[PDB]
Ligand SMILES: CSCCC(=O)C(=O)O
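One chain follows as structure tokens, the form solved without the named molecule.
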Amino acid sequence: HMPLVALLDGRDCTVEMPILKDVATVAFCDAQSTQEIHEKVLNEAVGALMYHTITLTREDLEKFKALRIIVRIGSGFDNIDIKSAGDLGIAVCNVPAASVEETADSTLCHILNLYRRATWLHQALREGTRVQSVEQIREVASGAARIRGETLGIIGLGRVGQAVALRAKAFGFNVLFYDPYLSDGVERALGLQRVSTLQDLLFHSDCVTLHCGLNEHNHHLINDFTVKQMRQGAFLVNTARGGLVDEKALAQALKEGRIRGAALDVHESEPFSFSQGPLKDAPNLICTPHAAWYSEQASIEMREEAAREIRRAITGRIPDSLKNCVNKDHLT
């Protein structure tokens, strides 16, 4: 027989099968949890493809009796315990480049939607607001601000963060970034200003946008304490991970006006609902259903790449043949 590969949290495998036809039997589970995965896959699955809707703990990982490779169809892999996965002898890889510029463009659109209130002006138009006089335009568009001279604070100057910084400079933004893992001099190469502490970033930025990965040290990076270190009436953008922000702390900040507005493509609990969660009655809120990454070309691009990574793992040597394995440190 052929090695079994399973799409854990999905149903469509059309893009991947031309690549995996002669190398593995491909099945799907469409499961939000390992509860919903039939034991046939748990016992025989050699490879696994998954997105961001199912999380795998050590307990989940130990239920797979033959799994050897997990390929995350996407850039983020915070939903996988790569540390223990490596312990159990399971390599974990991702697809980091497919949606970089897509995410940066959706970030800039969210930033612009806060400064220009375009989305809010649109919603007010569908709700029947009549804007006839100049005074009424200033009123319903109240809060719209000039961008040139504003300081954009970038938290995490990675691949998406850099694309965000380059675009932000074209609008007159003065871009700052805080990245405690980058080597010395990265700011000189890109003509940006850097800060040492997260408090310095928040203290100087008129609008803060998150572009870091969710790791064991930055959970609730934006919390009730760090939120008090932001400028009065600042902006918050988050297309990275919902686990980075304490929504209850953010909710109160929006209600009291300490944060003038927030744009969020990710949330602590997804799918996101305006009726449930700490943001139920939070004002000045724009939210997208975790779609900052999605383009037709990016969706196909990352699915074909992940399929090839799976192929390399089955016909090559782990983890040397892999291209984007992220847990070679912990892989026994």
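All residue numbers refer to positions in the sequence shown, first residue = 1.
Of the two segments examined, 160-168 and 245-253, it is 245-253 that shows the higher average Cα temperature factor in the deposited entry. Between 298-306 and 64-72, it is 64-72 that carries the larger average Cα temperature factor according to the deposited entry.
Residues shown: 141, 124, 95, 192. Highest C-alpha temperature factor in the entry: 124. Ranking 176, 237, 134, 90 by the C-alpha B-factor listed in the PDB entry places 90 at the top. The PDB entry assigns residue 81 a C-alpha temperature factor belonging to the highest third of its chain's modelled residues. Split the chain's modelled residues into thirds by C-alpha temperature factor. Residue 200 is in the middle one.
When the modelled residues of the chain are ordered by C-alpha B-factor, residue 113 sits in the lowest third. Split the chain's modelled residues into thirds by C-alpha temperature factor. Residue 318 is in the highest one.
Among all modelled residues in this chain, the alpha-carbon of residue 106 has a temperature factor (C-alpha) in the lowest third.
What comes next is about the form deposited with the named molecule bound, which is not displayed.
Within this chain, residue 28 is remote from the site of the named molecule in the deposited complex, having no heavy atom within 4.5 Å. Residue contact check for residue 113: none of its heavy atoms lie within 4.5 Å of the named molecule in the deposited complex. In the deposited complex, the named molecule sits within 4.5 Å of a heavy atom of residue 293. Interface residue remark: residue 302 is counted as part of the site for the named molecule in the deposited complex, having a heavy atom within 4.5 Å. This chain appears without its partner; in the deposited complex, the one residue of 73, 91, 251, 234 with a heavy atom within 4.5 Å of the named molecule is 73. With the partner left out here, the named molecule still marks one of 278-286, 60-68, 45-53, 30-38 in the deposited complex; by a 4.5 Å heavy atom cut-off that stretch is 45-53.
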